[PDB]
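The data below hold one chain only, encoded as structure tokens and taken in the form deposited in one PDB entry.
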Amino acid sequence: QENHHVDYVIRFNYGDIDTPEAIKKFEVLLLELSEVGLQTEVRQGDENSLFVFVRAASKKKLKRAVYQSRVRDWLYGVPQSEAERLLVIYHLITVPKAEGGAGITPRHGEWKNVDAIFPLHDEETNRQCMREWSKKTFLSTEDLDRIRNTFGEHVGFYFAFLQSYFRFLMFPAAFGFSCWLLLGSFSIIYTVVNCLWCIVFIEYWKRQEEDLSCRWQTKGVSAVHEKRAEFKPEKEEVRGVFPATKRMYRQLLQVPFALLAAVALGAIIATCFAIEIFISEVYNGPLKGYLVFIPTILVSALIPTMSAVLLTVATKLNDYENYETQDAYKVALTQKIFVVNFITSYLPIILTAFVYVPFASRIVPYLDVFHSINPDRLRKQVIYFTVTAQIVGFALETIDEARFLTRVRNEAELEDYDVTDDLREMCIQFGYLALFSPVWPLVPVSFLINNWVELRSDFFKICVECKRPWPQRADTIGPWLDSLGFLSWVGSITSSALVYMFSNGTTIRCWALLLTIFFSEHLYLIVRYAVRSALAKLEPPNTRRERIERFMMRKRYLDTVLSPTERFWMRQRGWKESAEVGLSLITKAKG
């Protein structure tokens, strides 16, 4: 065994505080970790901090911790290889000591000296599993089980989702390559099939999630976990509270932030249009096409940086709103990231599809300061916003114990893994497919090539580039599925407006634009209901097995358990007297 039976290693800083407080905090830390059933070995690894090591002290204490974790589990209503054995020890460290034990928050409150705690990689399993499916291009269910046993299943749902999305992506890739050689752009045949794919993928992954969360034993996780909330009073079985009206008021800061960000990006896009008209009039290039579209390509390449800036602003605003639980914090964060994603990514194309193309005759005289807008302008917007941001990234890509501790010190300085920074890009790609893929039908091919190139890069990052996350116990990919549903809904309006407005070359005839919007959205809702109710009747195998197991358990437990006025109830004291009375009555009445 490479790791010397180490489960978790707990980093403990001392450089902030002075000397004689650090020994008191260290003594109460080790006293908590030994009061709960954990063994501890401290040896320093950093110049500024020494980290302790934590394993299960004995088999009886480990079985007690496993039984307590299972009791909290099946009271809330929700060992194995490594996920269960590391999850019960992370609960043993972190769970707030009214239950479970030892109540260690990572760095926030009363525990500001201890830094992040983290398990250790198993480099044999990681290297063999990384080089095993370097030539597979499609993982299997046993393979997702091998990524579930390590890393937990919060990683398992993310990897299963990315593999299922990559498998469903090659139907619009083949279709939008077939509908590009044959029948051009802005086509009803491609638009109806694209909206059907956007419905079917979400309504199929919503079923695959239930199947996968019945296969793995994490069926329903609504066990909410507290976080570093800053309570002002102490209401009273005591708990710190925070009123729902001050959070309501603080949540109204999202409206001026989103309005000002939309106004600023509209100013940037209008500046780019003005510079484009300037280089269109003033001759500046022998090729003249790529040089007249220089600022669009520059801002399309620069959009990830301003998106990351707005992500840090939204993260600080989300920390200001002071959520009590972690589920509501993640929901609010995903909503703010969705708003920033919309404003940054789809507004430079909505702003030129519905404002600048049709109103070119009234905005070109307003933007031609210091003295021909086709739908090809919109098609080149979609090209430069779904191609160049990845072309630029690829072009920047091409250009004794002394051996164990020196890799523990190397793992302790790595960064921390997240799912959201790699799943936001999935949400952006699905928005580009849902909203205005009928403009240029090679958007699914341009996304399939990028996903096929960066297929194993996320697994490489989760193995060797960042430290191992503690095995979480997720049930869904999160609120991103609700974001995908909303994004498909907006796409069924946007794509059907664009197809009416730009196919076959005049007068827009609004009495027909709004009728197309109305009928296409209310056809989307009906088709989504039909696909959802059809897929709810086809049952995947890993939930049928659990339903059959639960029915057999119920049937066995039920087969175990089963194996004055009174002058009325004395005439027929049994069965045979009632039978002969009925015999006499039928013979008398039928005779």
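Just so we're on the same page, rigid core means the largest C-alpha set that superposes within 1.5 Å between forms. Counting begins at 1, following the sequence as shown.
Absent from the display: the form deposited in another entry. The rest refers to it.
In a superposition on the rigid core, which residue from 199, 487, 272, 117 has a CA displacement reaching 2 Å or more between this form and the one not shown?
It is 272.
Indicate whether residue 16 shows a C-alpha shift of 2 Å or more between this form and the one not shown, with the rigid core used for the fit.
Residue 16: C-alpha displaced by less than 2 Å between this form and the one not shown.
Aligning on the core only, does the CA of residue 28 end up 2 angstroms or more away between this form and the one not shown?
Not so; residue 28 is displaced by less than 2 Å.
State yes or no: after fitting on the rigid core, is the Cα displacement of residue 246 between this form and the one not shown at least 2 Å?
Result for residue 246: yes, a 2 Å-plus shift.
Note whether the distance between the C-alpha atoms of residue 225 and residue 105 decreases (closer) or increases (farther) in the other form, against the displayed form; the change is 3 Å or more.
Here the pair is closer than in the other form; there, farther apart.
Which way does the C-alpha gap of residue 225 and residue 218 go in the other form, closer or farther, given it changes by 3 angstroms or more?
The answer is closer, because the C-alphas of residue 225 and residue 218 approach each other in the other form by 3 Å or more.
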